[PDB]
Amino acid sequence: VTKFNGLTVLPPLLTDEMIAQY
Amino acid sequence: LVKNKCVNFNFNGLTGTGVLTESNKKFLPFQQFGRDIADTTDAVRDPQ
Amino acid sequence: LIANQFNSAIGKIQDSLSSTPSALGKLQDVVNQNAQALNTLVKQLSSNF
Ligand SMILES: *[C@@H]1O[C@H](CO)[C@@H](O)[C@H](O)[C@H]1NC(C)=O
């Protein structure tokens, strides 16, 4: 699986490490 | 020119606002500025 | 026999995921769709209206 003009991408609450831990 | 400071800049009429840094990307001699995939300026060759 | 079959099935799943490029179709499609929506929204500024 594969700058800002007013946009912003908020990071997910659960990081990929935490999702892998789950 | 001022680097690492958010300053309105005017290079050859670019009139863009942002912060300036030394860029590792290379430019061809005739090219004067670069654009992003979204048609927004992201690099400027200094005319002076 | 069942343990060997399960291990072979897991290995085959790994090999198919590694080889077939379009396996992650749904996630790739959702990411591409969201990126395209954002790109068209950004390009919408150049519109004269
Ligand atoms: C004049 O502009 C040119 C642009 O190529 C630059 O190289 C040069 O340093 C500038 N100043 C003088 C005094 O020539």
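Cβ coordinates were reconstructed from backbone atoms using ideal geometry, including for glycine residues, and neighbour counts include every protein chain displayed. Rule-based calculations on the coordinates, nothing more; no lab input.
Below, the figures for the structure above:
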item: Leading residue by the ranking (nearest to the other protein chains (Cβ to nearest Cβ)) among those in chain A that are of a type in the set (A, V, I, L, M) and part of a helix (DSSP H, G or I); result: A:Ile19
item: Single residue of the range B:1-31 satisfying the filter (touching a strand residue (DSSP E or B) at 6+ places or on another chain (Cβ under 8 Å) and among the small types (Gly, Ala, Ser)) that is farthest from B:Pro47 (Cα to Cα); result: B:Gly18
item: Test: B:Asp42 is among the charged types (D, E, K, R), surrounded by 10 or more Cβ atoms within 10 Å (Cβ to Cβ) and over 28 Å from C:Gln36 (Cβ atoms); result: no
item: Check on C:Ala35, under 15 Å from the mean Cα position of the chain (by Cα) and hydrophobic (A, V, I, L, M, F, W, C); result: yes
item: Restricting the range C:29-49 to residues that are within 7 Å of another protein chain (Cβ to nearest Cβ) and not aliphatic (A, V, I, L, M), the residue that is surrounded by the fewest Cβ atoms within 10 Å (Cβ to Cβ); result: C:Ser46
item: Exclusive hit being touching a helix residue (DSSP H, G or I) at 6+ places or on another chain (Cβ under 6 Å), assigned to a helix (DSSP H, G or I) and under 13 Å from A:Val1 (Cβ atoms), set C:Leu17, C:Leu27; result: C:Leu17
item: B:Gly34 vs. criteria closer than 24 Å to C:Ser47 by Cβ and in contact with an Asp or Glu (Cβ under 7 Å, 6 or more places away or on another chain); result: yes
item: Flag if B:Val7 is β-branched (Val, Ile, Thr), more than 14 Å from every other protein chain (Cβ to nearest Cβ) and in contact with a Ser or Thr (Cβ under 9 Å, 6 or more places away or on another chain); result: yes
